[PDB]
Structures are given as C-alpha cells and as structure tokens.
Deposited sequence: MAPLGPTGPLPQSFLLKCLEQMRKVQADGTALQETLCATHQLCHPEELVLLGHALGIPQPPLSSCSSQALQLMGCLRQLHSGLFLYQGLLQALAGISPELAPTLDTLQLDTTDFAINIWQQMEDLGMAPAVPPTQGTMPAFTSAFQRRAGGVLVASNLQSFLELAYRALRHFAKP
C-alpha cells in the first residue's frame, strides 16, 4: 500500500483509540463500568455484533479481503455509535468526536479500495444503563479491532 496511506491510517486509528479511551475512562470513574471483560455476556444479551477480521489474520491474509472486512466492520461500528445516541449529555460530546473520527477513517479505507479497484441489524439500547455498558463494550471492541487491522496493513508492506 503507499506509505502515505499507512501513515494516514496510523494517525487516524490512534485518534479513534484516544477517543475510545476517553469514553472508557469517564464511564468507569462515573459509573464503575471499568472491566469490559465482565460485560461480555451482557453485550451478547444486547446483540452487540463483533466484526470479523478473518482475512486480516495470517492464515487467511488477502489484501482485498482484509480491506473489505476492515471497512464493513468500521461501517458497522458507525451504526453502533449512532445507536448509543450520545449515551448521556455528559458523554455525548466524547461520542460525537469518536463518531467523527471513525467516519474519517472509514472514508479513507474506502477511498483506498477505490484507488485499487477493489471496492466495495442494529442493537436497541433503551435504558441508560444499556447505553452506558454498550458504550464501554463498543469502545473496547473498536480498539482491539483497529490494533488488528493495523498489524495486518503494516505487513502489506
């Protein structure tokens, strides 16, 4: 991939990671939601999908496949962030930024697929406790997801 795409991906993913850590440190301080490791069953109950990056895994590494999963996964996360609907007033600015920065990264992934000619159901959280635990889950899912796509992308070089 061109170095400028890798360099732009690095800058964009580290901002979405910083954004996610901000959401996570507020809801832990504020509502004791600090161990996303515990919320797994509840995520499962809530219906919070978890994007596969299989084609970005060594035994299945394929540039088109990895990029297309990466993007479809980012797109999903876009919906998930839309569905949290700010979580609570105190948190809606941090969600807004995270939403802006995840959308910028997904436009970049898609733009690149087009340059290469290889282009191309949402949870209901109705209580505030659902949006608060959904917010900590999605934020740490997104983080690991990105760390995965990056090691894959860096090796496609």
Should a student be asked to find the unmodelled regions, what ranges of the deposited sequence would be the right answer here?
1-9, 130-136, 174-175
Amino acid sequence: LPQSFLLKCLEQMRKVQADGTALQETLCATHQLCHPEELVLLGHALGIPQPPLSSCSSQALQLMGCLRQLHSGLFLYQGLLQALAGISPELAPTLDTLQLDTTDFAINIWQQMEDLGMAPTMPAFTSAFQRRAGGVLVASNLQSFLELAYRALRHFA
From here on, numbers count along this sequence of modelled residues.
Which of the two stretches, 145-153 or 17-25, shows the higher mean Cα temperature factor in the record?
145-153
On average, are the C-alpha B-factors higher in 88-96 or in 59-67?
59-67
Among 39, 34, 109, 45, the highest C-alpha B-factor in the PDB entry belongs to 34
Splitting the chain's C-alpha B-factors into thirds, which one does residue 130 fall into?
middle
Among the chain's modelled residues, which third holds the C-alpha B-factor of residue 101?
lowest
